[PDB]
């Protein structure tokens, strides 16, 4: 199994709507709007790294409101 945290910067004022969309996805276990350089922190759990790759490319990167991400995979 894979557990990872994705830190994201979103367009100003869209963090809440983006968070709600992410929370509705099965891969997403937790999501919070936060203070600092990043706007959202999202915890995801997938069966494989390939699945995590697909979550990033097929879900995250197709959302225009998300601008910059940093992913940290638990080990």
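Residue numbers count along the first chain shown, from 1.
- Per the deposited record, the Cα B-factor of residue 30 falls in the middle third when ranked against the other modelled residues of its chain.
- Sort the chain's modelled residues by C-alpha temperature factor and residue 57 lands in the middle third, per the entry.
- Annotation for residue 18: CA B-factor lies in the middle third of the chain's modelled residues.
- Ranked by C-alpha B-factor against the other modelled residues of its chain, residue 47 falls in the highest third.
- Residue-level temperature factors show residue 72 in the middle third of its chain, judged at the C-alpha atom.
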